[PDB]
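Input: a single structure, listed below in structure tokens.
To find a chain, count down the sequence lines: A is the first, B the second, and so on, and within it residues start at 1. We use all heavy atoms of the structure for the numbers below, so side chains are in, but hydrogens, waters and symmetry mates are not.
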Amino acid sequence: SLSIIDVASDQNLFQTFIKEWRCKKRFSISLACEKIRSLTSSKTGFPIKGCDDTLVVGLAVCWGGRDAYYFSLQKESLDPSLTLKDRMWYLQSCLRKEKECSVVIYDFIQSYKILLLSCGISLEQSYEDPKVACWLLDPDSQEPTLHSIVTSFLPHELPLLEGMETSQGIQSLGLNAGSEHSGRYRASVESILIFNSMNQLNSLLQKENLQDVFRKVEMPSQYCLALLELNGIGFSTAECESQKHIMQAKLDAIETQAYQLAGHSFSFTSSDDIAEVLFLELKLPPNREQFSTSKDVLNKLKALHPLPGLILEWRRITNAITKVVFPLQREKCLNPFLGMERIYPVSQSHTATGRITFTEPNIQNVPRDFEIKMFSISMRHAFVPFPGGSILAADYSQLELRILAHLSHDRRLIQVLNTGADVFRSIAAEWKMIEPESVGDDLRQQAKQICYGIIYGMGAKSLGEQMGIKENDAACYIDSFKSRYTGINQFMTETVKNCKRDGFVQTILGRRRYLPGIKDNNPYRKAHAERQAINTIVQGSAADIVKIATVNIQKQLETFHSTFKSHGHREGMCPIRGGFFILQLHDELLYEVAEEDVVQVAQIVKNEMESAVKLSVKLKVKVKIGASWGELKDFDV
DNA sequence: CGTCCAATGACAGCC
DNA sequence: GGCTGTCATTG
Ligand SMILES: Nc1nc2c(ncn2[C@H]2CC[C@@H](COP(=O)(O)OP(=O)(O)OP(=O)(O)O)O2)c(=O)[nH]1
Ligand SMILES: CN(C(=S)Cn1[nH]c2cccc-2c1C(F)(F)F)c1ccccc1
Ligand SMILES: [Mg+2]
């Protein structure tokens, strides 16, 4: 059945364990975490950052069968000759290469950060996370749990999870300290399960030709994101508090001016109070198909009364305060080693198309610079580098357009993209009948939504509502698009044809997203899967290229510079040196770079992004350096 | 009965 | 009166 071998209990048992561990090219580990329920428990270990009530008491190692070698990280040991420092030397020796070696870890990112921050050990091997392999086999599946992995890929070992309800809680069984069971038993069971399950997962990856995407792209991306979560992103409380005051002052002016237009005071959060003022008092025309106060209704009423425009601006500013300012100042944390405050978002790579997003908080959703008549409110000014550094931004110009041109072989789109004329400003120039140089960011952003909207199947009705024209007139723009770019339309038709035949779509690297609704009887559900088939290939291939570029940049930074890998590595152990990954923005990479290395990192980042993948269209990359996320300026190198 | 896609998440407003 | 999804925002 099961066998748990406490290797720190005997010297001869420990030396035999180290001698065998140093010969294994593949094994699994699972950290044993327990919570300090009482001071009388007399449990020793390493404290965890954030969860100070939780200790790392040990570690389980498994390299075959149902045998778990528990590595006790407690001060007390049955063999006092094996001091904790001796065990740390041997644990560090076996977790760092000299020599290919693969370590299977469930929730690799958290385990990597805990091993570094709590135990002072930096992993230096090849990493395999089973939850990432489960995502490659089906990007639309539910986020994996230890119980779900065993239920699907190792059903014979299901009784080993009885009693421990935490197996179905996404988080690692050994890392979930909220369990009442010992970390020794939870880690020993998990190491045996994730090791044998990864063998079946690796077999399924090889059958689906995804074993190289797993080792070269996805798992190295997790390592890059692990350094990101260790770095965090700088945060200026003063700048965030300053713009909060400017926004709260504009709200008071709007509320004062709105009440005067209404004749009385009303609640901006109450739609009934808003509907009574506009429709029952101001006698504004209700919508066709309805006392609705949505964004679509208020935009049609802006031209009849100034109050709808004031309500729309109140909601925009209030959203920037209640859902951005408050979470950022709530999640901020002091970093004594850098002498500044930072925010540490958690990455999320279990997405439908392969994009990367962030949680707690979602830095990607920080609002752009929007004008306020009092000026511009730039929430991104609050994100600053460390004293003596600059924030570096490098983004692909139009990555999804250039991938679409490379896949559709459209000679006209390739010709337009090879020319330095902005497509969005050219669309707005034809739209509003203005010169391209006179197109503002608000109009260019509106033309951007129209461009990608039409490409991914937006209908004539929605296009008319976007372009502010009749539905009959909007269908002519779609007809012109399907005639002006016959290569794109041939790509859209063949993709739906191939997805109806295969039942899935493939990105540029081979990742499959299964879309069973492609043959559904419902006309809305069937067309939704058709639009998903077009978008998953383009948007998914863009995510693949960015992940490739991120991995290559990090490989180059760790060779050009012998400094610390992340800000967490400086804490686990000199002025700051190099560039530090802080944020990924789908088609844009943000790095915190010291002022001395700004020029070299900009050249390293730009070269790796342009040479990540070879397409039939040039991958144009722009680099911008500034004193904050909102003060970025063009940097030509 | 809802026809661009992807994503997170605090409140109005529930059923 | 807690429990969603909805309509904010970003790419
Ligand atoms: N389907 C869809 N995709 C979008 C939309 N907006 C952005 N995207 C995708 C396509 C490209 C990717 C990055 O968009 P950006 O906002 O960076 O715009 P861009 O096309 O890169 O141009 P630029 O960076 O010069 O603004 O996000 C949209 O409204 N619909
Ligand atoms: C008729 N038209 C065209 S073709 C503009 N265009 N150029 C593109 C290169 C790649 C996609 C493109 C589009 C698109 F938007 F159609 F998808 C247009 C549509 C709306 C407003 C103004 C012009
Ligand atoms: Mg961009």
Side-chain angles (χ1 to χ4, degrees), chain A residues 139-140 267-275 292-298 311-328 330-331 345-370 377 379-380 393 395-396 398-400 404 445 448-467 471 474 478 481 492 505 507 513 515 517 520-543 546 583-590 629:
Chain A
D140 282 312
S267 175
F268 276 85
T269 61
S270 171
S271 181
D272 294 356
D273 293 358
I274 294 176
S292 181
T293 63
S294 59
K295 180 181 296 182
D296 305 327
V297 182
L298 295 185
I311 299 174
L312 285 172
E313 191 175 10
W314 188 97
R315 296 177 181 176
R316 176 207 314 168
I317 299 176
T318 298
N319 184 90
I321 300 180
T322 66
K323 300 187 180 180
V324 178
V325 171
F326 291 162
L328 292 184
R330 177 188 58 183
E331 301 289 342
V346 186
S347 69
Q348 166 63 279
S349 300
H350 195 102
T351 54
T353 60
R355 283 189 166 193
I356 297 173
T357 180
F358 298 90
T359 50
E360 301 174 348
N362 188 8
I363 309 298
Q364 293 177 335
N365 290 4
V366 168
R368 324 178 79 203
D369 304 5
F370 59 95
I377 294 297
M379 289 295 308
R380 293 171 180 173
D395 54 323
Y396 292 106
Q398 287 86 12
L399 187 54
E400 292 193 14
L404 172 64
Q445 201 76 359
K448 172 189 303 179
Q449 183 171 2
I450 296 175
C451 175
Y452 290 114
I454 296 178
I455 290 177
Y456 298 122
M458 182 191 295
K461 179 184 177 182
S462 294
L463 183 61
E465 299 178 355
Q466 286 284 310
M467 295 185 57
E471 180 175 350
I478 301 178
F481 167 75
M492 293 188 296
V505 288
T507 60
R513 181 185 183 185
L515 305 176
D520 197 355
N521 300 270
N522 192 286
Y524 164 75
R525 300 177 181 176
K526 185 171 185 176
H528 173 52
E530 296 183 359
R531 289 168 286 179
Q532 285 176 314
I534 316 294
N535 177 264
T536 295
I537 295 185
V538 181
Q539 185 187 114
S541 301
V546 175
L583 181 64
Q584 198 249 43
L585 215 56
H586 306 297
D587 75 329
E588 184 174 13
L589 299 180
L590 284 76
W629 191 5

(request) Categorise the sugar of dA8(C) by the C1'-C2'-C3'-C4' dihedral sign as either north or south. (result) north
(request) Report yes or no: does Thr359(A) contribute a side-chain atom to a donor-acceptor pair with the main-chain N or O of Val346(A) at less than 3.5 Å? (result) yes
(request) Check whether any side-chain N or O of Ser462(A) sits under 4.0 Å from OP1 or OP2 of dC4(B), and answer yes or no. (result) yes
(request) Nearest whole angstrom, please: distance from the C1' of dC5(B) to the CG of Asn535(A). (result) 4 Å
(request) Go through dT8(B), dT3(B), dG13(B) for me and flag the one nearest to the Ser271(A) side chain. (result) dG13(B)
(message) What is the separation between atom NZ on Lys448(A) and atom P on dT10(C), rounded to the nearest whole Å?
(response) 11 Å
(message) I'd like the P distance from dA8(C) over to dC14(B), given in whole Å.
(response) 16 Å
(request) For the side chain of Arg330(A), starting at C-beta, report the closest nucleotide among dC5(B), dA10(B), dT3(B). (result) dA10(B)
(request) Have a look at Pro523(A) and say if it touches a base, only the backbone sugar-phosphate, or nothing, with a 4.0 Å heavy-atom cut-off. (result) base
(message) Taking the minimum atom-to-atom distance to the side chain of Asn319(A), which one of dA7(B), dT8(B), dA8(C) wins?
(response) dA8(C)
(message) Check this for me: does any side-chain nitrogen of one of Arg513(A) and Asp140(A) sit under 4.0 Å from a carboxylate oxygen of the other?
(response) yes
(request) Among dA12(B), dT9(C), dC4(B), find the nucleotide with the atom closest to the side chain of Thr269(A). (result) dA12(B)
(request) With the side chain counted from C-beta on, respond yes when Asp395(A) and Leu585(A) share a heavy-atom pair under 4.5 Å apart, and no when they do not. (result) no
(request) Sticking with atom P, work out how far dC3(C) lies from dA10(B), rounded to a whole angstrom. (result) 16 Å
(request) Could you tell me whether the side chain of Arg525(A) and the main chain of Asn521(A) form a donor-acceptor pair under 3.5 Å? (result) no
(request) Taking only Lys NZ, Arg NE, NH1 and NH2, and the carboxylate oxygens of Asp or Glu, determine whether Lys448(A) and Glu400(A) approach each other closer than 4.0 Å. (result) no
(message) Which is more 5' along DNA chain B, the nucleotide nearest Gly457(A) or the one nearest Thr293(A)? Just name the residue.
(response) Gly457(A)
(message) Can you identify which nucleotide, out of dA10(B), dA6(B), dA7(B), has its nearest atom closest to the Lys323(A) side chain?
(response) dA10(B)
(request) Categorise the sugar of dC7(C) by the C1'-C2'-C3'-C4' dihedral sign as either north or south. (result) south
(request) Please report, rounded to the nearest Å, how far the P atom of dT10(C) is from the CG atom of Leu585(A). (result) 11 Å
(message) With a 4.0 Å limit, can you tell me whether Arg355(A) has a side-chain N or O closer than that to the phosphate oxygens OP1/OP2 of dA6(B)?
(response) no
(request) Using a heavy-atom cut-off of under 4.0 Å over every strand shown, decide if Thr536(A) touches base, sugar-phosphate, or nothing. (result) nothing
(message) Measure CH2/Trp314(A) against P/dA8(C) and give the value in whole Å, please.
(response) 12 Å
(message) Using whole Å, what does the distance between atom P of nucleotide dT10(C) and atom CD1 of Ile363(A) come to?
(response) 14 Å
(request) Whole angstrom is fine here: how far is it from CG in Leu312(A) over to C1' in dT9(C)? (result) 14 Å
(request) Considering just the side-chain nitrogens and oxygens of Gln532(A), establish if one lies under 4.0 Å of OP1 or OP2 belonging to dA6(B). (result) yes
(message) Under a 3.5 Å distance rule, please check whether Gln364(A) uses its side chain to pair with a backbone N or O of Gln584(A) as donor and acceptor.
(response) yes
(message) With a 4.0 Å limit, can you tell me whether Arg513(A) has a side-chain N or O closer than that to the phosphate oxygens OP1/OP2 of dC5(B)?
(response) no
(request) Side chain of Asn365(A) only, please: which of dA7(B), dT3(B), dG9(B) is the nearest? (result) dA7(B)
(message) Would you compute the distance between atom OG1 of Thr357(A) and atom CD1 of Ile363(A) and round it to the nearest 0.5 angstrom?
(response) 10.0 Å
(request) Check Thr536(A) against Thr507(A) and note the closest heavy-atom contact, atom names and distance. (result) O-CG2, 3.7 Å
(message) Based on whether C1'-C2'-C3'-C4' is positive or negative, which pucker family does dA12(B) belong to?
(response) south
(message) Can you tell me if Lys461(A) touches the phosphate of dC4(B), counting only side-chain N or O atoms and a distance under 4.0 Å to OP1 or OP2?
(response) no
(request) Look at the side chain of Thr359(A) and decide which nucleotide, out of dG9(B), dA7(B), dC4(B), has an atom nearest to it. (result) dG9(B)
(request) State which of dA6(B), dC4(B), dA8(C) makes the closest approach to the side chain of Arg315(A). (result) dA8(C)
(message) Taking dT9(C) as the reference, what is the distance to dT3(B) when you measure between their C1' atoms (whole Å, please)?
(response) 23 Å
(message) Taking only the P atom of each, what is the distance from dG2(B) to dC7(C) in whole angstrom?
(response) 13 Å
(message) On the nucleotide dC5(B), are OP1 or OP2 found under 4.0 Å from the side-chain N or O atoms that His528(A) carries?
(response) yes
(request) Answer with base, sugar-phosphate or nothing: what part of the nucleic acid does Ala352(A) contact at a heavy-atom distance below 4.0 Å? (result) sugar-phosphate
(request) Check the distance between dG2(B)'s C1' and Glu530(A)'s CD and give it to me in whole angstrom. (result) 16 Å
(message) In this structure, how many angstroms lie between the P atom of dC7(C) and the NZ atom of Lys295(A), rounded?
(response) 11 Å
(request) Sort out the partner of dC11(B) for me: Watson-Crick or G-U wobble, both distances under 3.5 Å, none otherwise. (result) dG5(C)
